[PDB]
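**Student:** Here it is, the structure, as structure tokens.
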Amino acid sequence: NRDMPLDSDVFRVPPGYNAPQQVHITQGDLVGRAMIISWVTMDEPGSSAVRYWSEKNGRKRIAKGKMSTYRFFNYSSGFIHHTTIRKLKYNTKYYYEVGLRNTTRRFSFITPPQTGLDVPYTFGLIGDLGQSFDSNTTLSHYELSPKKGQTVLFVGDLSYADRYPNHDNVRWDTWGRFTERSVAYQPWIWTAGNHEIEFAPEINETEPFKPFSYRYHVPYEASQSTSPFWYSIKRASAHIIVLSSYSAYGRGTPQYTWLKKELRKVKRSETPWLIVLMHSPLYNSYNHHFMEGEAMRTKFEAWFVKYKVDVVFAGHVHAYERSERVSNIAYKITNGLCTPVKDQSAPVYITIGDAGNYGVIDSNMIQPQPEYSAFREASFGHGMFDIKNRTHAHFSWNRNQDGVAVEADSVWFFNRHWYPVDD
Amino acid sequence: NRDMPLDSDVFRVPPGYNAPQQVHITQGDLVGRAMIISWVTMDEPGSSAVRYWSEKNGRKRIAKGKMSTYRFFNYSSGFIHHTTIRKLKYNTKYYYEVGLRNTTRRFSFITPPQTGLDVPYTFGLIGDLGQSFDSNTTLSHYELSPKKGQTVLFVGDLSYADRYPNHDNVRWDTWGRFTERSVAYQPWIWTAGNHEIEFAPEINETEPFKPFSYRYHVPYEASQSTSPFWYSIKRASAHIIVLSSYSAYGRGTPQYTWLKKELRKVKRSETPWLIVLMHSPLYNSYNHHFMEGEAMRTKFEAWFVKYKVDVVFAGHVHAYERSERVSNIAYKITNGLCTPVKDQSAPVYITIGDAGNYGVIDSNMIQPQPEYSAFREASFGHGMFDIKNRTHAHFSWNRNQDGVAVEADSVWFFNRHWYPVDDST
Amino acid sequence: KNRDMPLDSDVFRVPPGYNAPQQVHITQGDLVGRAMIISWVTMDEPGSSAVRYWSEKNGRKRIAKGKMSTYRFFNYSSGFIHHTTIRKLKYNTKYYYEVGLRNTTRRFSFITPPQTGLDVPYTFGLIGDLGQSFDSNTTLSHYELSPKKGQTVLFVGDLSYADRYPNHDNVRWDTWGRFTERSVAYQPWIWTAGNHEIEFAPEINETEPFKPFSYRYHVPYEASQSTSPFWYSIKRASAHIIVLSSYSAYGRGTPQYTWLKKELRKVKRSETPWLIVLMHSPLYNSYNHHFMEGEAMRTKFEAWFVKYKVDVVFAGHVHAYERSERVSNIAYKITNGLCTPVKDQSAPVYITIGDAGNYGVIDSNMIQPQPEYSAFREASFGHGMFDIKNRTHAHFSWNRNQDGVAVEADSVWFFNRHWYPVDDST
Amino acid sequence: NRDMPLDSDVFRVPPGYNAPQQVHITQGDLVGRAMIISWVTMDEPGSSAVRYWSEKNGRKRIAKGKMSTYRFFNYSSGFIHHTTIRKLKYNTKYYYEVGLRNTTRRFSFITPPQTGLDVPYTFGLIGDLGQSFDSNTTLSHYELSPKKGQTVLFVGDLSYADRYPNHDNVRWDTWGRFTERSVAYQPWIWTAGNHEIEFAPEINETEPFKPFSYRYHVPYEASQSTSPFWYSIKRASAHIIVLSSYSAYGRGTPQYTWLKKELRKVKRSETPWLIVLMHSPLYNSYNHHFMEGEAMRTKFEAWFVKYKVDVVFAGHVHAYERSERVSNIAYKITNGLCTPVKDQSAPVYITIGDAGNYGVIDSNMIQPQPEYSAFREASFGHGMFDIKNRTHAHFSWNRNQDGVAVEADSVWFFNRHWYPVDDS
Ligand SMILES: *[C@@H]1O[C@H](CO)[C@@H](O[C@@H]2O[C@H](CO)[C@@H](O[C@@H]3O[C@H](CO)[C@@H](O)[C@H](O[C@@H]4O[C@H](CO)[C@@H](O)[C@H](O)[C@@H]4O)[C@@H]3O)[C@H](O)[C@H]2NC(C)=O)[C@H](O)[C@H]1NC(C)=O
Ligand SMILES: *[C@@H]1O[C@H](CO)[C@@H](O[C@@H]2O[C@H](CO)[C@@H](O[C@@H]3O[C@H](CO)[C@@H](O[C@@H]4O[C@H](CO)[C@@H](O)[C@H](O)[C@@H]4O)[C@H](O)[C@@H]3O)[C@H](O)[C@H]2NC(C)=O)[C@H](O)[C@H]1NC(C)=O
Ligand SMILES: *[C@@H]1O[C@H](CO)[C@@H](O[C@@H]2O[C@H](CO)[C@@H](O[C@@H]3O[C@H](CO)[C@@H](O)[C@H](O)[C@@H]3O)[C@H](O)[C@H]2NC(C)=O)[C@H](O)[C@H]1NC(C)=O
Ligand SMILES: *[C@@H]1O[C@H](CO)[C@@H](O[C@@H]2O[C@H](CO)[C@@H](O[C@@H]3O[C@H](CO)[C@@H](O)[C@H](O)[C@@H]3O)[C@H](O)[C@H]2NC(C)=O)[C@H](O)[C@H]1NC(C)=O
Ligand SMILES: *[C@@H]1O[C@H](CO)[C@@H](O[C@@H]2O[C@H](CO)[C@@H](O)[C@H](O)[C@H]2NC(C)=O)[C@H](O[C@@H]2O[C@@H](C)[C@@H](O)[C@@H](O)[C@@H]2O)[C@H]1NC(C)=O
Ligand SMILES: Nc1ncnc2c1ncn2[C@@H]1O[C@H](COP(=O)(O)OP(=O)(O)NP(=O)(O)O)[C@@H](O)[C@H]1O
Ligand SMILES: *[C@@H]1O[C@H](CO)[C@@H](O[C@@H]2O[C@H](CO)[C@@H](O)[C@H](O)[C@H]2NC(C)=O)[C@H](O)[C@H]1NC(C)=O
Ligand SMILES: *[C@@H]1O[C@H](CO)[C@@H](O[C@@H]2O[C@H](CO)[C@@H](O)[C@H](O)[C@H]2NC(C)=O)[C@H](O)[C@H]1NC(C)=O
Ligand SMILES: *[C@@H]1O[C@H](CO)[C@@H](O)[C@H](O)[C@H]1NC(C)=O
Ligand SMILES: *[C@@H]1O[C@H](CO)[C@@H](O)[C@H](O)[C@H]1NC(C)=O
Ligand SMILES: [Fe+3]
Ligand SMILES: [Fe+3]
Ligand SMILES: [Fe+3]
Ligand SMILES: [Fe+3]
Ligand code: NA
Ligand code: NA
Ligand code: NA
Ligand SMILES: [Zn+2]
Ligand SMILES: [Zn+2]
Ligand SMILES: [Zn+2]
Ligand SMILES: [Zn+2]
């Protein structure tokens with residue numbers, strides 16, 4: 001047992017009567033002009049209003065949202081608030097206050113620049129965080145990093161509350177306050193991992209993504225999606241596609257129908273970097289969860305190659321891996337073409353679900369290291385995808401046992417649309 | 001277009017005010033002592049009470065049920081009725097009446113025998129029925145069959161209403177009146193196909209399976225399921241498992257979680273025959289929907305072989321095909337072990353989605369016929385799985401263009417747990 | 001005896017065109033008069049709930065976003081019902097609005113009121129118990145033809161009488177929406193719930209009180225911080241209007257009772273000098289039909305009305321006409337014998353105005369003799385007019401269906417209780 | 001002031017993991033063959049199944065029920081259970097059990113006899129109970145009465161939890177655990193009082209009767225009512241009609257409509273005793289809530305006389321009053337007839353809301369005692385309506401300052417339908 005105890009300093013309750021805790025934000029619209037603020041109040045429902053104003057302008061405005069609550073087995077939640085601030089300006093710092101009529105707390109965020117071809121952005125990559133001491137040091141190596149992350153693409157598995165007796169949802173609240181120091185100030189883009197299914201019918205809890213969906217909203221209707229568990233956002237020069245590994249994706253299902261139609265919406269002249277987020281990797285040579293992503297691979301891989309996805313980011317496997325550019329899309333049951341071959345139109349598959357979880361690393365790998373695999377290692381850490389312009393983006397992996405400025409693995413992503421060089 | 005016109009005789013409306021229509025029955029519990037009675041009233045809600053009595057004794061009792069309505073875009077449904085009759089006795093003819101308050105109508109069913117190893121039973125196999133003239137021929141061939149089926153395992157794609165403008169749900173209503181002359185007297189076992197999804201966000205009909213799940217209910221709680229789209233039923237000497245090709249089946253999901261624990265519950269020494277139903281086939285050498293069943297095969301194929309399923313029935317492809325007993329469960333990305341090999345531990349895969357649909361057949365086969373494909377032919381028709389004892393089952397395939405008693409293909413099934421011997425033709 | 005207009009009447013014709021909006025009606029959507037609820041129904045498919053609206057002055061076309069709802073009643077299924085609120089309008093300007101923007105649109109207009117003030121003149125038409133007989137149609141023709149300009153209808157309950165038809169056949173709600181649209185699409189009607197909107201029919205498994213009416217006709221009840229749509233307050237021009245529900249609870253401690261006790265405290269007679277109460281069931285009524293039915297709510301609310309010097313209480317329910325004297329009956333205490341209404345110049349005038357048509361029957365039988373609290377009564381179909389001249393004066397007038405559209409069978413000058421409490425008896 | 005502390009013994013938590021608490025039963029159907037078993041589990045949801053059996057047969061049954069929860073402002077309830085036991089034998093002792101998965105608890109009840117003309121039965125009448133020490137004293141006098149109550153007709157106002165900051169619904173839990181020692185073995189027939197309204201729009205709790213209606217169920221569908229707040233049951237020789245004082249009752253409203261039909265359905269030839277329960281008294285000569293009962297009386301009083309109601313019970317006034325058979329139904333606005341008169345066809349109106357509340361008795365009476373008032377006294381206590389046969393019922397009032405066997409007031413009821421004799 002390596003999760004931080006309940007009295008740990010990261011879980012300290014903010015002082016004040018009905019003081020907002022678990023404050024977290026993510027993108028509110030498709031293009032970054034909106035932001036959705038979320039927080040929990042414990043002592044009474046409280047106001048869902050959010051006071052915000054820009055850094056040097058100070059015209060204080062108010063946005064109204066909605067309160068909701070949920071129960072899980074024995075656990076009754078605090079009063080959860082979700083509020084969307086809209087029509088914000090690009091490249092502008094804002095302040096926002098929350099808990100307006102009782103104990104107010106103020107936070108900050110900087111909206112991204114407007115969607116554009118040559119607009120740089122620094123995305124952090126954090127996967128399978130949990131709330132162990134390893135979870136805390138990874139969040140630390142991230143906030144201290146010289147390259148300065150502006151949004152965290154989170155590839156799934158958040159709290160691991162479901163590891164506790166009856167999924168002790170108090171450990172949802174503790175994870176909420178723990179991550180607040182990062183997610184209250186810059187957006188985290190949510191994808192749903194297996195530890196968010198929380199399908200526990202043996203305690204009459206049979207509705208999937210029950211607590212995760214109540215606590216973490218995404219702007220899924222902005223991309224015409226009919227579920228929060230797959231959606232799309234555009235930010236700076238990135239077009240980001242988030243899939244649900246544990247929702248349906250057969251032919252005709254909504255997510256399948258949505259992804260087919262969203263792919264051909266992508267405009268690489270406006271967003272050169274096509275980034276796909278999912279939880280379970282389609283390419284992974286570790287023994288843990290080996291070949292689990294094969295089902296989705298049969299359904300979606302040829303579309304990734306068809307639309308030249310730059311990179312696919314997954315978690316689930318508690319280690320780090322980086323494939324070569326390969327595709328396994330020629331198999332026809334009896335023709336023998338069942339081996340991945342080098343394909344300059346294929347994405348790079350990176351597994352970055354090594355932020356700590358409950359404190360265990362996946363170290364047993366299939367040996368020998370297959371040819372489709374570039375780099376792999378079982379160490380805790382996080383990733384950084386730093387878009388420079390339309391042709392270059394520098395990815396880097398930071399180990400938890402290294403200094404915050406040390407890159408144990410780094411590659412130049414050459415854009416599949418504007419600069420498809422061998423990499 | 002080849003669908004029967006609206007004023008066809010198999011579409012006409014039962015006479016009398018608020019006369020029940022679209023009456024269908026299905027097994028209402030795990031072991032076959034219950035039945036779900038389902039019908040619709042068009043003129044007013046009416047009673048959901050069901051009067052029933054055995055022909056032998058004959059004390060007439062009432063079952064209290066539930067009624068529901070729904071809307072699909074600019075369509076408003078009539079009044080759907082669902083009522084479960086329980087504590088029935090085995091191997092007994094029962095009469096039952098609906099429309100008790102105005103226009104009553106009488107039908108009957110025969111409860112199956114109690115489950116035992118050697119209990120014989122005839123299952124009809126229908127898939128992708130629709131409401132074409134081809135569909136009517138198949139229904140007629142099934143009910144004139146000399147081997148007399150006692151239950152229809154239906155492997156998906158029912159009315160094809162989703163092909164009419166705005167999915168004109170009136171063609172759900174017509175399909176109920178059409179298929180009533182069979183499913184009102186014997187239970188059909190329902191699988192959700194791809195034409196039941198009806199995900200239509202352009203007219204904000206985004207709740208998958210909404211019309212199908214309103215009209216056709218299913219005893220999914222009896223097997224501890226949390227969804228109607230996957231469940232199990234025991235009936236005579238068989239254990240049937242119905243799966244949802246178009247629901248989540250990833251590791252850790254409800255259907256995935258439900259299936260692996262249901263397979264552990266199967267006692268072959270009590271139900272010898274293990275049958276699995278899905279809409280999209282895992283083995284399919286027809287070009288239509290080629291390799292669509294791969295994503296499920298990657299997850300469930302090894303389970304079918306380890307628990308030694310007897311037969312997997314599917315549709316989706318609008319033709320017939322019987323497979324050899326093969327498995328493809330040794331693939332490891334880089335090892336090249338990706339060809340189906342003979343496997344006497346594996347089930348036989350039958351595609352049986354040639355009941356008629358909207359009148360087109362799938363004849364573009366991948367050539368040459370692959371080694372995993374025993375028999376295939378592009379003809380409309382149905383199939384029959386005839387269980388004799390714990391060891392033998394006779395599967396035959398009847399064509400619409402042949403006589404009702406002619407079998408153009410037949411294979412004797414050796415039970416995987418009681419007669420583990422090669423049964424290839 | 002069946003005096004209801006047949007369905008092929010010209011008042012019931014369907015607006016042509018694929019999914020033409022119909023049953024278009026408007027009512028105030030705020031407290032002060034800067035908002036409009038635009039209500040309509042589409043029969044062919046859902047369609048857009050969006051309203052295009054602009055003023056004849058500026059001309060800027062803006063869009064308001066609304067909400068789509070449907071309902072069933074027995075074997076009836078409704079069309080696609082739309083409610084959209086237009087907000088932040090300018091006062092005293094004429095607005096055009098368009099609805100049905102995705103296929104065939106239809107244009108109407110309204111004139112927002114002046115904003116509330118002490119001497120703002122305004123004309124209120126008074127229609128009750130309308131229904132859809134031919135008599136109903138003569139009344140609506142007369143109000144439209146009135147020489148002085150009715151700017152808003154205050155409706156004191158009982159709209160379509162669809163509940164008289166077998167299974168309440170709510171085709172007769174659609175019929176009524178189309179029938180009245182010719183007036184309510186261009187000036188707001190302020191709705192009161194009557195007994196015919198209850199539609200409590202357990203014998204056909206239909207136990208939701210007020211449902212068809214509540215789905216089709218919305219009110220700005222949250223603007224007055226009311227918890228229910230059946231009691232609410234609005235302010236228009238120099239008038240503060242309090243709509244009560246005769247067929248909801250009103251015991252001490254109930255929401256209606258609680259809400260009303262507080263709402264009187266908010267009245268500002270120096271902003272809205274005219275204090276108007278609407279309720280379906282009359283507290284004063286000397287007809288045999290529904291005699292003394294108002295006695296229960298009179299015991300709870302009469303004293304408050306007098307305490308706050310209410311100017312008038314308009315009611316329907318009785319299918320005829322009556323205007324009370326300024327009387328009160330608030331001194332009863334079981335054993336003190338004081339159960340006679342007395343002259344009370346602080347009390348409102350009670351006017352019964354439920355004679356617009358209904359299913360075509362008048363309530364002609366009366367309590368004899370005419371009691372002292374009754375100042376004028378007649379069993380005639382007609383409609384009324386409350387024309388505010390200023391803070392001291394307001395002219396009420398009753399007009400019969402059998403007279404010229406300018407002939408006032410009854411007419412009285414209302415002297416304002418807060419600003420000019422002169423005796424204004426018959 | 002006088003509300004019993006949380007550490008009191010009446011509020012103690014039954015021991016054991018997830019032990020059922022606040023157990024309380026009530027008539028489950030129209031005739032007495034059913035019983036609604038209700039309890040709250042605090043540690044986890046638990047099973048809503050009830051295991052029951054009769055002493056005559058001792059064959060144990062399982063009855064499945066429902067589970068529910070609610071929030072109120074800033075309070076989150078435990079897991080409320082409601083299960084209906086049916087087709088019970090008449091006049092039979094049944095044992096029932098709750099908490100079947102972890103901590104099991106066992107209780108017992110005796111079903112009433114089949115409804116009949118001369119079937120005796122002894123009802124207790126508690127009103128405005130509360131949580132004070134005066135409340136515990138009334139409950140003691142009830143359970144110690146040599147007359148032995150068999151069911152409680154409770155004329156409303158249960159916990160008074162709405163007198164606490166934001167109605168602190170922990171005070172509903174305590175009241176549940178305190179009244180259990182009577183209501184777990186004996187059915188209480190629930191009337192809704194004004195302290196159940198809990199209309200607190202300022203903390204966005206605007207659903208009237210929310211905490212009450214979740215915690216206490218009534219067989220209101222058995223008499224074709226569409227609302228828990230008005231309903232009727234038959235029990236032994238009594239037809240009992242429960243009315244909702246704080247709901248709509250205008251002409252055409254549901255409760256008005258339901259009451260109109262229900263009085264026409266009374267068969268005095270089988271249940272000759274016509275009992276009506278409301279919270280607000282139609283007859284009251286006390287200062288407190290004087291004349292508040294007027295509105296409903298102007299609506300329902302003539303019906304009560306026309307159908308020969310035997311007695312109407314009410315609380316709300318924290319005292320005791322017994323009216324004469326009196327009527328005030330001749331008023332026609334201008335005829336001056338607004339003075340109650342003797343009327344042997346009218347019911348007796350009793351105020352019995354003196355069970356304790358929060359400990360404040362309503363002492364101030366209007367003087368002198370009007371003619372319609374036969375007896376009145378401001379003392380804490382309870383009442384008993386003891387049916388002997390179709391002819392006779394002996395009502396008696398017990399004061400908490402007297403012994404448990406002393407009747408400070410008592411009177412013999414002659415049945416209005418079967419014995420229209422002056423019962424002065
Ligand atoms: C419905 O219920 C009524 C009250 O419960 C009942 O009226 C009572 O009837 C009893 C008789 O059962 C009355 O008691 C008798 O009255 C005189 C009074 O002095 C006594 O002498 C008499 O002595 C008894 O005599 C019996 C032999 O004849 C024998 O049991 C003993 O000797 C015993 O001492 C009784 O005590 C009582 O006063 C009545 N109460 C009233 C009128 O309030 C109704 O009759 C009953 N209806 C029926 C039974 O149909
Ligand atoms: C389980 O059930 C299966 C049923 O498919 C059994 O396998 C079948 O067994 C039957 C015999 O019961 C056999 O058919 C018979 O072949 C006989 C050849 O002589 C013919 O019978 C003749 O006609 C008369 C009727 O029995 C009789 O009077 C006469 O003496 C003569 O025998 C006739 O052709 C029968 O149909 C099938 O060939 C066989 N099917 C196979 C092997 O696939 C199986 O044996 C049963 N198991 C147990 C333990 O009972
Ligand atoms: C549900 O919506 C569909 C789609 O609108 C309705 O079908 C359509 O109904 C119209 C009648 O209003 C049909 O009219 C066609 O259009 C021209 C006008 O340009 C008309 O003059 C022609 O005679 C022609 O028929 C249209 O064909 C039809 N479309 C279909 C059936 O695909 C349908 O009636 C609605 N159903 C319900 C139950 O509301
Ligand atoms: C509340 O009740 C449930 C069931 O009524 C308790 O759990 C059940 O009981 C035991 C564990 O308590 C589980 O199996 C048993 O293990 C014990 C060893 O402790 C042994 O004697 C037997 O071999 C027996 O199989 C059982 O699976 C379990 N079931 C479930 C669904 O939990 C539960 O512990 C109770 N909670 C408490 C007391 O807090
Ligand atoms: C996009 O960013 C890349 C990295 O920032 C550019 O490549 C780098 O440019 C540096 C000049 O600032 C140079 O020293 C590096 O050698 C070079 N290559 C690296 C870091 O791998 C990239 O391309 C450059 O841009 C133009 C203006 C010229 O300098 C070229 O010679 C370079 O290739 C940038 N591309 C664009 C379109 O901005
Ligand atoms: N007509 C009236 N007669 C007496 N008191 C009245 C009357 N109208 C209003 N009141 C007030 O209502 C208050 C009653 O307190 P209240 O909260 O309404 O119920 P309560 O005192 O708790 N009695 P109860 O409802 O049985 O618990 C009294 O103290 C009076 O000030
Ligand atoms: C939710 O229910 C659980 C039961 O599983 C409670 O945890 C147990 O409580 C009992 C006594 O209350 C202890 O003996 C156990 O050791 C506890 N832990 C277990 C069983 O893992 C828990 O307290 C409840 N939570 C809330 C918020 O009420
Ligand atoms: C309020 O309006 C009334 C009615 O219009 C005014 O009284 C009238 O005053 C005019 C003079 O302009 C006279 O000719 C009429 O005879 C009056 N009518 C009546 C019925 O007396 C009154 O002056 C106005 N009060 C104001 C403006 O304060
Ligand atoms: C988590 O890390 C921060 C530094 O990043 C430290 O201040 C804090 O005490 C740590 N909390 C733990 C280890 O519980
Ligand atoms: C209704 O009223 C109008 C008068 O404005 C008229 O056009 C119509 O013919 C009248 N009668 C009927 C039956 O519609
Ligand atoms: Fe993980
Ligand atoms: Fe098909
Ligand atoms: Fe009327
Ligand atoms: Fe009280
Ligand atoms: Na996975
Ligand atoms: Na077919
Ligand atoms: Na309360
Ligand atoms: Zn995972
Ligand atoms: Zn298909
Ligand atoms: Zn009326
Ligand atoms: Zn009270």
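Residues in the structure tokens are named by chain (A, B, ... in the order shown) and by number from 1 within that chain; ligands are numbered from 1 in the order shown.
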Env of residue 27 (chain A): 7 Å cut, atoms = only C-alpha atoms, seq-sep filter 5 positions within chain, self excluded. Answer as a PDB file with N, CA, C and O atoms, in the first residue's frame.
**Tutor:**
```
ATOM      1  N   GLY A  32     -11.337  26.885 -28.081  1.00  0.00           N
ATOM      2  CA  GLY A  32     -10.609  27.449 -26.959  1.00  0.00           C
ATOM      3  C   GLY A  32     -11.101  28.788 -26.445  1.00  0.00           C
ATOM      4  O   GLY A  32     -10.451  29.366 -25.563  1.00  0.00           O
ATOM      5  N   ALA A  34     -13.833  29.094 -24.775  1.00  0.00           N
ATOM      6  CA  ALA A  34     -14.648  28.791 -23.607  1.00  0.00           C
ATOM      7  C   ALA A  34     -13.889  27.852 -22.680  1.00  0.00           C
ATOM      8  O   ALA A  34     -13.005  27.102 -23.104  1.00  0.00           O
ATOM      9  N   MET A  35     -14.249  27.908 -21.403  1.00  0.00           N
ATOM     10  CA  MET A  35     -13.626  27.101 -20.367  1.00  0.00           C
ATOM     11  C   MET A  35     -14.709  26.681 -19.396  1.00  0.00           C
ATOM     12  O   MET A  35     -15.608  27.463 -19.076  1.00  0.00           O
ATOM     13  N   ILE A  36     -14.626  25.447 -18.926  1.00  0.00           N
ATOM     14  CA  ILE A  36     -15.622  24.902 -18.021  1.00  0.00           C
ATOM     15  C   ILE A  36     -14.951  24.705 -16.667  1.00  0.00           C
ATOM     16  O   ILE A  36     -13.985  23.939 -16.546  1.00  0.00           O
ATOM     17  N   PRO A 187      -5.965  23.748 -18.267  1.00  0.00           N
ATOM     18  CA  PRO A 187      -6.918  22.667 -18.536  1.00  0.00           C
ATOM     19  C   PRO A 187      -6.228  21.315 -18.581  1.00  0.00           C
ATOM     20  O   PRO A 187      -5.067  21.199 -18.981  1.00  0.00           O
ATOM     21  N   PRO A 219     -16.496  19.031 -23.114  1.00  0.00           N
ATOM     22  CA  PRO A 219     -17.375  19.755 -24.052  1.00  0.00           C
ATOM     23  C   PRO A 219     -17.796  18.896 -25.243  1.00  0.00           C
ATOM     24  O   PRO A 219     -17.582  19.249 -26.409  1.00  0.00           O
TER      25      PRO A 219
END
```
**Student:** For region 197-199 of chain A, list every protein, DNA or RNA residue within 9 Å, evaluated using only C-alpha atoms, and leave out those in the same chain fewer than 6 positions away; present the list as a list in words.
**Tutor:** residues 162, 167, 205, 206, 207, 208, 209, 210, 211, 212 and 246 of chain A; 252, 253, 254 and 257 of chain B
**Student:** Mind writing the picked residues with N, CA and C atoms as a JSON list (two decimals), in the first residue's frame?
**Tutor:**
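Wrote it out as again21.json, contents follow:
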```json
[["chain", "number", "residue", "atom", "x", "y", "z"],
["A", 162, "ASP", "N", -11.60, 3.17, -7.08],
["A", 162, "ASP", "CA", -12.24, 1.87, -7.16],
["A", 162, "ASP", "C", -11.40, 0.75, -6.56],
["A", 167, "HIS", "N", -15.14, 0.94, -3.50],
["A", 167, "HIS", "CA", -14.66, 2.03, -4.33],
["A", 167, "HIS", "C", -14.64, 3.34, -3.56],
["A", 205, "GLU", "N", -24.29, -1.34, -8.31],
["A", 205, "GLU", "CA", -23.74, -0.13, -8.95],
["A", 205, "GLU", "C", -23.38, -0.47, -10.39],
["A", 206, "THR", "N", -24.38, -0.42, -11.27],
["A", 206, "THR", "CA", -24.30, -1.02, -12.60],
["A", 206, "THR", "C", -24.29, 0.01, -13.72],
["A", 207, "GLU", "N", -24.17, 1.30, -13.40],
["A", 207, "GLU", "CA", -24.16, 2.36, -14.40],
["A", 207, "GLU", "C", -22.72, 2.81, -14.63],
["A", 208, "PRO", "N", -22.14, 2.56, -15.80],
["A", 208, "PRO", "CA", -20.70, 2.79, -15.98],
["A", 208, "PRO", "C", -20.33, 4.26, -15.97],
["A", 209, "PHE", "N", -19.05, 4.51, -15.63],
["A", 209, "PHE", "CA", -18.50, 5.86, -15.54],
["A", 209, "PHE", "C", -19.33, 6.76, -14.62],
["A", 210, "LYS", "N", -19.98, 6.13, -13.65],
["A", 210, "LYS", "CA", -20.84, 6.74, -12.65],
["A", 210, "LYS", "C", -20.14, 7.94, -12.00],
["A", 211, "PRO", "N", -19.10, 7.77, -11.18],
["A", 211, "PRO", "CA", -18.58, 8.95, -10.46],
["A", 211, "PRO", "C", -17.71, 9.84, -11.33],
["A", 212, "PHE", "N", -16.92, 9.24, -12.23],
["A", 212, "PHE", "CA", -16.06, 10.02, -13.12],
["A", 212, "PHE", "C", -16.87, 11.04, -13.93],
["A", 246, "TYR", "N", -13.53, 1.70, -23.63],
["A", 246, "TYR", "CA", -14.46, 0.79, -22.97],
["A", 246, "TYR", "C", -15.91, 1.19, -23.21],
["B", 252, "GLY", "N", -13.38, -5.36, -19.04],
["B", 252, "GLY", "CA", -13.85, -4.51, -17.97],
["B", 252, "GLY", "C", -15.22, -3.90, -18.20],
["B", 253, "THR", "N", -15.80, -4.07, -19.39],
["B", 253, "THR", "CA", -17.12, -3.54, -19.70],
["B", 253, "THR", "C", -18.20, -4.50, -19.22],
["B", 254, "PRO", "N", -19.44, -4.02, -19.10],
["B", 254, "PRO", "CA", -20.53, -4.91, -18.67],
["B", 254, "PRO", "C", -20.67, -6.20, -19.47],
["B", 257, "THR", "N", -17.58, -8.38, -18.96],
["B", 257, "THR", "CA", -17.63, -8.91, -17.60],
["B", 257, "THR", "C", -18.73, -9.96, -17.45]]
```
**Student:** Could you please select, counting only C-alpha atoms, the residues of chain C within 9 Å of chain D and state them as number ranges by chain?
**Tutor:** C: 195-196, 198-200, 202, 207, 209, 227, 246-255, 291-300, 332-341, 371-372
**Student:** Enter the distance from CA of residue 18 (chain B) to CA of residue 50 (chain B), in Å, rounded to one decimal.
**Tutor:**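 Taking CA of residue 18 (chain B) and CA of residue 50 (chain B), their separation equals 15.1 Å.
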